[PDB]
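Enquirer: Structure file run_14.txt, compact mmCIF, N, CA, C and O atoms, is pasted below:
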```
# COMPACT_ATOMS: atom_id res chain seq x y z
N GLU A 1 -80.95 18.31 5.92
CA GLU A 1 -79.68 18.15 6.68
C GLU A 1 -78.53 17.92 5.70
O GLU A 1 -78.71 17.22 4.70
N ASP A 2 -77.35 18.49 5.99
CA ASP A 2 -76.13 18.53 5.16
C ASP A 2 -76.36 19.12 3.76
O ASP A 2 -76.01 20.27 3.51
N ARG A 3 -77.01 18.38 2.86
CA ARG A 3 -77.49 18.87 1.57
C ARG A 3 -78.82 19.60 1.80
O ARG A 3 -79.88 19.14 1.38
N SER A 4 -78.75 20.72 2.52
CA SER A 4 -79.88 21.63 2.73
C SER A 4 -79.82 22.81 1.75
O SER A 4 -80.83 23.20 1.19
N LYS A 5 -78.61 23.35 1.50
CA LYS A 5 -78.40 24.49 0.58
C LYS A 5 -78.24 24.06 -0.88
O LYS A 5 -77.68 24.80 -1.68
N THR A 6 -78.71 22.86 -1.22
CA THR A 6 -78.62 22.26 -2.54
C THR A 6 -79.11 23.25 -3.59
O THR A 6 -80.23 23.78 -3.50
N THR A 7 -78.26 23.54 -4.57
CA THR A 7 -78.51 24.53 -5.61
C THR A 7 -79.62 24.06 -6.57
O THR A 7 -79.89 22.87 -6.69
N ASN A 8 -80.25 25.02 -7.24
CA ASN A 8 -81.25 24.79 -8.29
C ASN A 8 -80.64 25.26 -9.60
O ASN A 8 -80.01 26.32 -9.63
N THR A 9 -80.85 24.48 -10.66
CA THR A 9 -80.39 24.81 -12.00
C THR A 9 -81.62 24.89 -12.89
O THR A 9 -82.54 24.08 -12.76
N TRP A 10 -81.62 25.82 -13.84
CA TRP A 10 -82.66 26.01 -14.83
C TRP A 10 -81.98 26.16 -16.18
O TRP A 10 -80.84 26.63 -16.25
N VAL A 11 -82.67 25.80 -17.26
CA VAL A 11 -82.24 26.09 -18.61
C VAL A 11 -83.23 27.10 -19.21
O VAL A 11 -84.43 27.02 -18.96
N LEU A 12 -82.71 28.05 -19.98
CA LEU A 12 -83.50 29.04 -20.71
C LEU A 12 -83.12 28.94 -22.17
O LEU A 12 -81.96 29.18 -22.51
N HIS A 13 -84.08 28.62 -23.03
CA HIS A 13 -83.89 28.71 -24.47
C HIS A 13 -84.36 30.10 -24.89
O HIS A 13 -85.55 30.41 -24.73
N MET A 14 -83.45 30.96 -25.36
CA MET A 14 -83.73 32.35 -25.71
C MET A 14 -82.84 32.73 -26.89
O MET A 14 -81.66 32.40 -26.91
N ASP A 15 -83.41 33.44 -27.88
CA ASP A 15 -82.70 33.97 -29.05
C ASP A 15 -81.85 32.91 -29.77
O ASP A 15 -80.74 33.17 -30.24
N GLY A 16 -82.37 31.67 -29.83
CA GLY A 16 -81.72 30.54 -30.50
C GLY A 16 -80.60 29.90 -29.68
O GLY A 16 -80.05 28.87 -30.10
N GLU A 17 -80.25 30.45 -28.51
CA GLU A 17 -79.25 29.93 -27.59
C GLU A 17 -79.93 29.20 -26.43
O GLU A 17 -81.14 29.33 -26.22
N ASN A 18 -79.15 28.41 -25.69
CA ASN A 18 -79.56 27.79 -24.44
C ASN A 18 -78.61 28.27 -23.35
O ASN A 18 -77.39 28.11 -23.48
N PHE A 19 -79.16 28.86 -22.29
CA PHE A 19 -78.43 29.37 -21.14
C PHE A 19 -78.73 28.49 -19.94
O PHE A 19 -79.90 28.20 -19.68
N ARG A 20 -77.71 28.06 -19.20
CA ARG A 20 -77.88 27.40 -17.91
C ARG A 20 -77.83 28.48 -16.85
O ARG A 20 -76.91 29.30 -16.86
N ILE A 21 -78.78 28.48 -15.92
CA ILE A 21 -78.81 29.32 -14.74
C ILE A 21 -78.56 28.37 -13.58
O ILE A 21 -79.23 27.35 -13.52
N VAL A 22 -77.70 28.72 -12.64
CA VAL A 22 -77.55 28.01 -11.39
C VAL A 22 -77.60 29.07 -10.30
O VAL A 22 -76.80 30.00 -10.31
N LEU A 23 -78.55 28.95 -9.37
CA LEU A 23 -78.54 29.79 -8.17
C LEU A 23 -77.70 29.08 -7.12
O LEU A 23 -78.01 27.94 -6.75
N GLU A 24 -76.67 29.75 -6.61
CA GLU A 24 -75.93 29.33 -5.44
C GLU A 24 -76.65 29.91 -4.23
O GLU A 24 -76.69 31.13 -4.04
N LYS A 25 -77.23 29.05 -3.39
CA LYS A 25 -77.95 29.48 -2.20
C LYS A 25 -76.97 29.90 -1.10
O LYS A 25 -77.38 30.60 -0.18
N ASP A 26 -75.70 29.49 -1.20
CA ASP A 26 -74.71 29.77 -0.17
C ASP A 26 -74.49 31.28 -0.02
O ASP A 26 -74.32 31.77 1.11
N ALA A 27 -74.55 32.02 -1.14
CA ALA A 27 -74.37 33.46 -1.21
C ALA A 27 -75.57 34.19 -1.84
O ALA A 27 -75.52 35.42 -1.94
N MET A 28 -76.63 33.48 -2.26
CA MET A 28 -77.71 34.04 -3.07
C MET A 28 -77.11 34.74 -4.30
O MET A 28 -77.42 35.90 -4.61
N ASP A 29 -76.22 34.03 -4.99
CA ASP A 29 -75.49 34.49 -6.17
C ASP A 29 -75.88 33.60 -7.33
O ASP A 29 -76.07 32.40 -7.14
N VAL A 30 -76.02 34.14 -8.54
CA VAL A 30 -76.60 33.41 -9.66
C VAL A 30 -75.60 33.38 -10.80
O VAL A 30 -75.20 34.42 -11.34
N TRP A 31 -75.21 32.17 -11.18
CA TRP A 31 -74.37 31.85 -12.31
C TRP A 31 -75.24 31.73 -13.56
O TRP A 31 -76.22 31.00 -13.54
N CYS A 32 -74.88 32.41 -14.65
CA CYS A 32 -75.46 32.21 -15.96
C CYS A 32 -74.30 31.76 -16.85
O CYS A 32 -73.30 32.48 -16.95
N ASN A 33 -74.39 30.56 -17.41
CA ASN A 33 -73.32 29.89 -18.16
C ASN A 33 -71.98 29.94 -17.40
O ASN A 33 -70.92 30.19 -17.98
N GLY A 34 -72.03 29.72 -16.08
CA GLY A 34 -70.85 29.59 -15.22
C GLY A 34 -70.21 30.92 -14.78
O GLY A 34 -69.33 30.89 -13.92
N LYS A 35 -70.66 32.07 -15.30
CA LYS A 35 -70.21 33.39 -14.84
C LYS A 35 -71.30 33.96 -13.94
O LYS A 35 -72.47 33.82 -14.27
N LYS A 36 -70.96 34.60 -12.81
CA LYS A 36 -72.01 35.23 -12.01
C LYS A 36 -72.51 36.49 -12.70
O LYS A 36 -71.72 37.17 -13.38
N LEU A 37 -73.79 36.80 -12.53
CA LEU A 37 -74.42 38.02 -13.01
C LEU A 37 -74.94 38.85 -11.83
O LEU A 37 -74.94 38.39 -10.68
N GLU A 38 -75.32 40.09 -12.12
CA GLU A 38 -75.82 41.04 -11.13
C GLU A 38 -77.22 40.64 -10.67
O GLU A 38 -78.02 40.14 -11.46
N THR A 39 -77.52 40.88 -9.39
CA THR A 39 -78.78 40.51 -8.76
C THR A 39 -79.20 41.60 -7.77
O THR A 39 -78.35 42.28 -7.18
N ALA A 40 -80.51 41.75 -7.56
CA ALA A 40 -81.11 42.56 -6.51
C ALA A 40 -82.14 41.68 -5.81
O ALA A 40 -82.87 40.97 -6.49
N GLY A 41 -82.19 41.70 -4.48
CA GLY A 41 -83.05 40.84 -3.69
C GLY A 41 -84.20 41.70 -3.19
O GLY A 41 -84.04 42.42 -2.20
N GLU A 42 -85.32 41.67 -3.90
CA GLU A 42 -86.51 42.39 -3.51
C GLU A 42 -87.32 41.51 -2.56
O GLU A 42 -87.35 40.29 -2.71
N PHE A 43 -88.00 42.13 -1.59
CA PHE A 43 -88.84 41.44 -0.63
C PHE A 43 -90.30 41.81 -0.90
O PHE A 43 -90.62 42.98 -1.11
N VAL A 44 -91.17 40.80 -0.91
CA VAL A 44 -92.56 40.91 -1.30
C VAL A 44 -93.44 40.18 -0.29
O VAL A 44 -92.96 39.37 0.51
N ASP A 45 -94.75 40.42 -0.38
CA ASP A 45 -95.79 39.77 0.43
C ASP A 45 -96.07 38.35 -0.09
O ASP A 45 -97.20 37.97 -0.41
N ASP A 46 -94.99 37.60 -0.28
CA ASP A 46 -94.91 36.31 -0.95
C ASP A 46 -93.63 35.58 -0.54
O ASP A 46 -93.63 34.36 -0.33
N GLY A 47 -92.53 36.32 -0.35
CA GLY A 47 -91.21 35.77 -0.09
C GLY A 47 -90.18 36.77 -0.61
O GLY A 47 -90.31 37.97 -0.36
N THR A 48 -89.19 36.29 -1.37
CA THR A 48 -88.15 37.12 -1.96
C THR A 48 -88.23 36.93 -3.47
O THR A 48 -88.63 35.87 -3.95
N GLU A 49 -87.82 37.95 -4.22
CA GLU A 49 -87.69 37.90 -5.66
C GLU A 49 -86.30 38.44 -5.99
O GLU A 49 -86.03 39.64 -5.84
N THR A 50 -85.38 37.55 -6.37
CA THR A 50 -84.04 37.94 -6.77
C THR A 50 -84.10 38.29 -8.25
O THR A 50 -84.14 37.39 -9.08
N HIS A 51 -84.16 39.58 -8.58
CA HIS A 51 -84.32 40.09 -9.94
C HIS A 51 -82.97 40.16 -10.64
O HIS A 51 -81.96 40.48 -10.00
N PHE A 52 -82.95 39.90 -11.95
CA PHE A 52 -81.83 40.12 -12.86
C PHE A 52 -82.37 40.22 -14.30
O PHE A 52 -83.58 40.13 -14.52
N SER A 53 -81.49 40.38 -15.30
CA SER A 53 -81.85 40.41 -16.71
C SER A 53 -80.72 39.78 -17.53
O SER A 53 -79.55 39.84 -17.13
N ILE A 54 -81.07 39.18 -18.66
CA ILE A 54 -80.16 38.54 -19.61
C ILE A 54 -80.61 39.06 -20.97
O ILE A 54 -81.73 38.77 -21.41
N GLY A 55 -79.78 39.88 -21.62
CA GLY A 55 -80.18 40.61 -22.81
C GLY A 55 -81.40 41.48 -22.48
O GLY A 55 -81.41 42.18 -21.47
N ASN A 56 -82.43 41.40 -23.33
CA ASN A 56 -83.68 42.14 -23.14
C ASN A 56 -84.63 41.45 -22.14
O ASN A 56 -85.65 42.03 -21.76
N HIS A 57 -84.34 40.21 -21.73
CA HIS A 57 -85.26 39.39 -20.95
C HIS A 57 -85.00 39.66 -19.47
O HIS A 57 -83.89 39.42 -18.99
N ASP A 58 -86.00 40.15 -18.73
CA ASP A 58 -85.90 40.23 -17.27
C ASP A 58 -86.31 38.89 -16.66
O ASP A 58 -87.15 38.16 -17.20
N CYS A 59 -85.67 38.57 -15.53
CA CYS A 59 -85.78 37.31 -14.84
C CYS A 59 -85.86 37.58 -13.34
O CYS A 59 -85.31 38.57 -12.87
N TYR A 60 -86.49 36.69 -12.58
CA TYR A 60 -86.39 36.75 -11.14
C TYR A 60 -86.49 35.35 -10.57
O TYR A 60 -87.27 34.54 -11.06
N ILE A 61 -85.72 35.04 -9.53
CA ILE A 61 -85.93 33.80 -8.80
C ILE A 61 -86.94 34.15 -7.72
O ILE A 61 -86.64 34.97 -6.85
N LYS A 62 -88.13 33.56 -7.79
CA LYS A 62 -89.12 33.63 -6.74
C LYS A 62 -88.61 32.66 -5.68
O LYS A 62 -88.32 31.51 -6.01
N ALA A 63 -88.49 33.12 -4.45
CA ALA A 63 -88.12 32.32 -3.31
C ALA A 63 -89.27 32.49 -2.33
O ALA A 63 -89.29 33.43 -1.54
N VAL A 64 -90.27 31.63 -2.46
CA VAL A 64 -91.54 31.74 -1.78
C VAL A 64 -91.40 31.13 -0.39
O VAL A 64 -91.07 29.96 -0.29
N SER A 65 -91.69 31.88 0.67
CA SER A 65 -91.69 31.37 2.04
C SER A 65 -92.99 30.58 2.31
O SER A 65 -93.79 30.95 3.17
N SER A 66 -93.23 29.53 1.52
CA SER A 66 -94.44 28.72 1.56
C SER A 66 -94.48 27.83 2.81
O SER A 66 -95.57 27.54 3.31
N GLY A 67 -93.32 27.42 3.33
CA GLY A 67 -93.24 26.68 4.59
C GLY A 67 -93.71 27.55 5.76
O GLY A 67 -93.49 28.76 5.78
N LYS A 68 -94.37 26.92 6.75
CA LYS A 68 -94.85 27.63 7.95
C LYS A 68 -93.69 27.94 8.90
O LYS A 68 -93.73 28.94 9.62
N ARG A 69 -92.65 27.09 8.91
CA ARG A 69 -91.42 27.32 9.67
C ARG A 69 -90.63 28.46 9.01
O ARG A 69 -90.96 28.93 7.93
N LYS A 70 -89.51 28.86 9.64
CA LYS A 70 -88.56 29.83 9.09
C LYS A 70 -87.76 29.30 7.89
O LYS A 70 -86.88 30.00 7.39
N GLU A 71 -88.01 28.07 7.46
CA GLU A 71 -87.36 27.41 6.34
C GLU A 71 -88.44 26.68 5.51
O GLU A 71 -89.61 26.66 5.90
N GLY A 72 -88.04 26.07 4.39
CA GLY A 72 -88.99 25.50 3.43
C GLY A 72 -89.41 26.56 2.40
O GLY A 72 -90.60 26.76 2.15
N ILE A 73 -88.43 27.28 1.85
CA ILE A 73 -88.63 28.33 0.86
C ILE A 73 -88.60 27.62 -0.50
O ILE A 73 -87.65 26.89 -0.80
N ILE A 74 -89.62 27.82 -1.35
CA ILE A 74 -89.72 27.20 -2.66
C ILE A 74 -89.00 28.13 -3.63
O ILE A 74 -89.38 29.29 -3.74
N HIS A 75 -87.96 27.64 -4.31
CA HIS A 75 -87.21 28.43 -5.27
C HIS A 75 -87.68 28.07 -6.68
O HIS A 75 -87.65 26.89 -7.06
N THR A 76 -88.04 29.08 -7.47
CA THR A 76 -88.43 28.93 -8.87
C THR A 76 -87.83 30.07 -9.67
O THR A 76 -87.84 31.20 -9.21
N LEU A 77 -87.34 29.81 -10.89
CA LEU A 77 -86.95 30.88 -11.79
C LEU A 77 -88.18 31.30 -12.58
O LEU A 77 -88.88 30.46 -13.12
N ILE A 78 -88.43 32.60 -12.67
CA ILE A 78 -89.41 33.21 -13.53
C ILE A 78 -88.60 34.02 -14.56
O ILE A 78 -87.59 34.64 -14.20
N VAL A 79 -89.04 34.06 -15.82
CA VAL A 79 -88.47 34.89 -16.87
C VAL A 79 -89.63 35.45 -17.68
O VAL A 79 -90.55 34.71 -18.01
N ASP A 80 -89.61 36.76 -17.98
CA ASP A 80 -90.69 37.46 -18.67
C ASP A 80 -92.07 37.18 -18.04
O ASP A 80 -93.08 37.02 -18.72
N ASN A 81 -92.09 37.07 -16.70
CA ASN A 81 -93.25 36.69 -15.87
C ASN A 81 -93.81 35.28 -16.12
O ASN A 81 -94.87 34.94 -15.59
N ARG A 82 -93.12 34.42 -16.89
CA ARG A 82 -93.43 33.01 -17.06
C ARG A 82 -92.59 32.19 -16.10
O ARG A 82 -91.48 32.58 -15.77
N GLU A 83 -93.11 31.05 -15.67
CA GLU A 83 -92.48 30.19 -14.70
C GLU A 83 -91.61 29.15 -15.41
O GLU A 83 -92.05 28.53 -16.38
N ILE A 84 -90.39 28.94 -14.90
CA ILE A 84 -89.37 28.05 -15.45
C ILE A 84 -89.08 26.98 -14.37
O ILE A 84 -88.56 27.33 -13.31
N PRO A 85 -89.39 25.69 -14.61
CA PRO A 85 -89.10 24.62 -13.67
C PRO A 85 -87.60 24.27 -13.68
O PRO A 85 -86.93 24.45 -14.70
N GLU A 86 -87.07 23.79 -12.55
CA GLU A 86 -85.68 23.35 -12.46
C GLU A 86 -85.45 22.13 -13.37
O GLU A 86 -86.40 21.46 -13.80
N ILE A 87 -84.18 21.84 -13.67
CA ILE A 87 -83.79 20.77 -14.59
C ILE A 87 -84.23 19.39 -14.09
O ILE A 87 -84.35 19.14 -12.89
N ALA A 88 -84.43 18.47 -15.05
CA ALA A 88 -84.85 17.09 -14.82
C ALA A 88 -83.90 16.09 -15.50
O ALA A 88 -84.30 14.98 -15.88
N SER A 89 -82.65 16.51 -15.68
CA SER A 89 -81.58 15.74 -16.28
C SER A 89 -81.30 14.49 -15.44
O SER A 89 -81.08 13.41 -16.03
```
How does this structure look as structure tokens?
Expert:
Amino acid sequence: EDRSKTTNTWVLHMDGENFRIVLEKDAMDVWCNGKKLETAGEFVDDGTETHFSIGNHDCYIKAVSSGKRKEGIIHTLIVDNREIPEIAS
């Protein structure tokens, strides 16, 4: 309730840099270092996979419809098919 669309942030250490990813759930739009990047929302026998790429690295936000209700979607960033947990700052 109220804070239901609460955003997820991830950090990616790649090519000696650190990139912050923030998914805005309000628009399903993804900020990388505060600039939005291009996205495609693929649908799978799992949930949704919002695909994008940063340099040579392909990325997708897995949005798993793990909840039995129409809500309770688990959001995770995957990069190079490895799983990236949200920040713990």
Enquirer: For stretch 16-22 of chain A, work out the shell of residues within 7 Å, counting only N, CA, C and O atoms and skipping chain neighbours fewer than 6 positions away, then give it as a list in words.
Expert: residues 7, 8, 9, 10, 29, 30, 31, 32, 33, 34 and 35 of chain A
Enquirer: Got a sec: who's within 5 Å of stretch 60-65 of chain A, counting all atoms listed in the file, leaving out chain neighbours fewer than 4 positions off, as a ChimeraX atom specification?
Expert: /A:46-52,72-79
Enquirer: I'd like the interatomic distance between atom C of residue A:44 and atom N of residue A:66, to a tenth of an Å.
Expert: 10.8 Å
Enquirer: Write down as a count of residues only the residues of chain A whose backbone DSSP state falls under strand (DSSP E or B).
Expert: 52
Enquirer: With distances taken over only C-alpha atoms, which of A:87, A:71, A:39, A:56 is nearest to residue A:4?
Expert: A:71
Enquirer: Between atom CA of residue A:38 and atom N of residue A:89, what distance in Å does the model show, to one decimal?
Expert: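 Those two atoms sit 25.9 Å apart.
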Enquirer: Smallest atom-to-atom distance to residue A:27: which of A:42, A:5, A:13, A:86, using only N, CA, C and O atoms?
Expert: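 That would be A:5, the residue with the smallest distance to residue A:27.
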Enquirer: Please indicate the distance in Å from atom O of residue A:28 to atom CA of residue A:40, rounded to one decimal place.
Expert: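 Answer for the atom O of residue A:28 to atom CA of residue A:40 separation: 7.8 Å.
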Enquirer: So, counting all atoms listed in the file, which residue among A:83, A:11, A:37, A:69 is closest to residue A:53?
Expert: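 Among the listed residues, A:37 lies closest to residue A:53.
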